[PDB]
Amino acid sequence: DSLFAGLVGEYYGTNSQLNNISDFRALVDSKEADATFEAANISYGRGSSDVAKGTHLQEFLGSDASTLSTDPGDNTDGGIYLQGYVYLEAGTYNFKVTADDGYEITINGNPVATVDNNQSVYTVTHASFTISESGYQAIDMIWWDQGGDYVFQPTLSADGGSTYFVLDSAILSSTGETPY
């Protein structure tokens, strides 16, 4: 398990339709990842013409694509599963996520941002949640594209929604140890 300032990323493609969270999670369960990568700057897309075709995944992942384990072949539909840790002080936070299609983010195993359906690009300000103890918190994310356009940018606020930040190498850890 390598130590890096990012989340462990897995990409999965399929030629079946992804309509909701359950469909993507079942894809993840069904096989080994089509590619792995380091998710160090979680602000992906936008692009067009299906994330799972050609080099669209590379374009979507941008600054993280150089860590891809392989170049997946074509599929119609696809998505990502990210997992690891995020340093957060105790306090109150909320996500604001821009996405096409849907997604789910969990912290310490509890959902904190959910869109359980397909959608063209849309930004949701999610409800707040609490962190009870400062440190590295467990975090995971799924996102998918059913086809067409694709974008995924979760941002996080620690100040009641006045300012938001991207999750990146400043605060992410793949294993929960401090990355240097």
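The first residue of the sequence shown is number 1, and the count goes up from there.
Between 36 to 44 and 128 to 136, the higher mean Cα B-factor belongs to 128 to 136.
Note on 137 to 145 vs 111 to 119: mean CA B-factor is higher in 137 to 145.
Per the deposited coordinates, the residue with the largest Cα temperature factor out of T92, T106, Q83, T98 is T92. The deposited CA B-factor of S49 belongs to the middle third of values across its chain.
Per-chain ranking of the deposited C-alpha B factor places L27 in the middle third. In the PDB entry, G9 places in the middle third of its chain by CA B-factor. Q153: CA B factor lies in the lowest third for its chain, per the PDB record.
Among the modelled residues of its chain, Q58 has a C-alpha B-factor that falls in the lowest third according to the deposited record.
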